[PDB]
Amino acid sequence: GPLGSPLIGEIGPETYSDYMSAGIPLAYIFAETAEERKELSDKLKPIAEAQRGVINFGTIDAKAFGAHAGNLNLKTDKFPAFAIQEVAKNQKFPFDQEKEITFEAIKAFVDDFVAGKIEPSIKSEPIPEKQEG
């Protein structure tokens with residue numbers, strides 16, 4: 001059957017819902033780059049192999065479905081945008097689009113995320129005047 005999707009693969013209209021139904025955080029690798037896409041995802045292969053049962057690693061086209069990068073946070077204005085969507089916390093722990101996606105960079109990031117060090121970079125969550133109780 002079509003069950004048991006490649007947890008590290010490409011995110012598309014079929015697969016995104018599965019990663020979202022997995023219950024575990026989804027690492028959205030938006031990439032408008034078709035050339036270095038291979039390299040980008042190639043560093044992503046081992047770093048995600050390390051977390052192949054805990055994070056959904058999906059590479060998504062940032063040119064066709066790139067709008068989604070900032071439906072979660074990013075400005076969609078720059079080079080591949082690595083965005084970690086929480087399927088549990090609904091949070092979005094995304095990486096810079098203007099930094100560098102390497103093996104180490106992403107590894108360190110996802111590591112620092114899953115450990116609990118990465119925090120919501122923005123996300124409008126207002127602090128209103130509350131009362132005593």
# chains A, B, ... in the order shown; residues from 1 in each chain; ligands from 1

$ residues_around --residues "region 34-44 of chain A" --least-positions-apart "3" --cutoff "8 Å" --atoms "only C-alpha atoms" --output "CSV table (one decimal) with C-alpha atoms, in the first residue's frame"
chain,number,residue,atom,x,y,z
A,31,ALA,CA,14.9,25.3,-1.7
A,47,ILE,CA,21.7,14.7,9.7
A,48,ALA,CA,18.2,13.5,9.2
A,59,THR,CA,12.5,18.9,0.8
A,101,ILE,CA,22.8,25.5,4.7
A,102,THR,CA,25.5,23.0,5.4
A,103,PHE,CA,25.6,19.7,7.2
A,106,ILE,CA,21.6,22.3,10.0

$ select_by_dssp --residues "chain A" --states "alpha helix (DSSP H)" --output "ChimeraX atom specification"
/A:16-20,37-49,69-72,103-115

$ atom_distance --atom1 "CA of residue 9 (chain A)" --atom2 "CA of residue 57 (chain A)"
6.4 Å

$ closest_atom_pairs --of "region 68-97 of chain A" --to "region 111-118 of chain A" --cutoff "10 Å" --atoms "only C-alpha atoms" --output "Markdown table"
| residue | atom | partner | partner_atom | distance |
| --- | --- | --- | --- | --- |
| A:84 | CA | A:113 | CA | 8.6 |
| A:92 | CA | A:118 | CA | 9.8 |
| A:93 | CA | A:118 | CA | 6.7 |
| A:94 | CA | A:118 | CA | 9.2 |

$ closest_residue --among "A:53, A:120, A:133, A:2" --to "residue 26 (chain A)" --atoms "only C-alpha atoms"
A:53

$ closest_residue --among "A:46, A:78, A:72, A:28" --to "residue 16 (chain A)" --atoms "only C-alpha atoms"
A:28

$ residues_around --residues "residue 5 (chain A)" --least-positions-apart "2" --cutoff "9 Å" --atoms "only C-alpha atoms" --output "PDB file with N, CA, C and O atoms, in the first residue's frame"
ATOM      1  N   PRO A   2       0.253   2.449   0.033  1.00  0.00           N
ATOM      2  CA  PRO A   2       0.990   3.713   0.013  1.00  0.00           C
ATOM      3  C   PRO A   2       1.301   4.236   1.422  1.00  0.00           C
ATOM      4  O   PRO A   2       1.634   5.408   1.607  1.00  0.00           O
ATOM      5  N   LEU A   3       1.194   3.371   2.401  1.00  0.00           N
ATOM      6  CA  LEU A   3       1.448   3.741   3.776  1.00  0.00           C
ATOM      7  C   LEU A   3       2.916   3.584   4.082  1.00  0.00           C
ATOM      8  O   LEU A   3       3.597   2.745   3.470  1.00  0.00           O
ATOM      9  N   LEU A   7      10.262   9.120   4.978  1.00  0.00           N
ATOM     10  CA  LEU A   7      10.207  10.175   5.949  1.00  0.00           C
ATOM     11  C   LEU A   7      11.184  11.275   5.585  1.00  0.00           C
ATOM     12  O   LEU A   7      11.039  12.412   6.004  1.00  0.00           O
ATOM     13  N   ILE A   8      12.193  10.909   4.832  1.00  0.00           N
ATOM     14  CA  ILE A   8      13.090  11.846   4.249  1.00  0.00           C
ATOM     15  C   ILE A   8      12.895  11.801   2.745  1.00  0.00           C
ATOM     16  O   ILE A   8      13.284  10.828   2.076  1.00  0.00           O
ATOM     17  N   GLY A   9      12.263  12.813   2.224  1.00  0.00           N
ATOM     18  CA  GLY A   9      11.942  12.851   0.817  1.00  0.00           C
ATOM     19  C   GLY A   9      11.476  14.211   0.409  1.00  0.00           C
ATOM     20  O   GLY A   9      11.961  15.207   0.937  1.00  0.00           O
ATOM     21  N   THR A  15       2.263  14.291   0.647  1.00  0.00           N
ATOM     22  CA  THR A  15       3.128  13.868   1.707  1.00  0.00           C
ATOM     23  C   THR A  15       3.067  14.776   2.904  1.00  0.00           C
ATOM     24  O   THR A  15       3.235  14.317   4.036  1.00  0.00           O
ATOM     25  N   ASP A  18       0.921  13.748   5.602  1.00  0.00           N
ATOM     26  CA  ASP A  18       1.341  12.520   6.271  1.00  0.00           C
ATOM     27  C   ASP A  18       2.335  12.841   7.366  1.00  0.00           C
ATOM     28  O   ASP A  18       2.292  12.270   8.467  1.00  0.00           O
ATOM     29  N   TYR A  19       3.155  13.845   7.123  1.00  0.00           N
ATOM     30  CA  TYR A  19       4.146  14.231   8.087  1.00  0.00           C
ATOM     31  C   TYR A  19       3.438  14.966   9.213  1.00  0.00           C
ATOM     32  O   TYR A  19       3.828  14.916  10.377  1.00  0.00           O
TER      33      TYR A  19
END

$ closest_residue --among "A:50, A:29, A:110, A:55" --to "residue 74 (chain A)" --atoms "only C-alpha atoms"
A:29
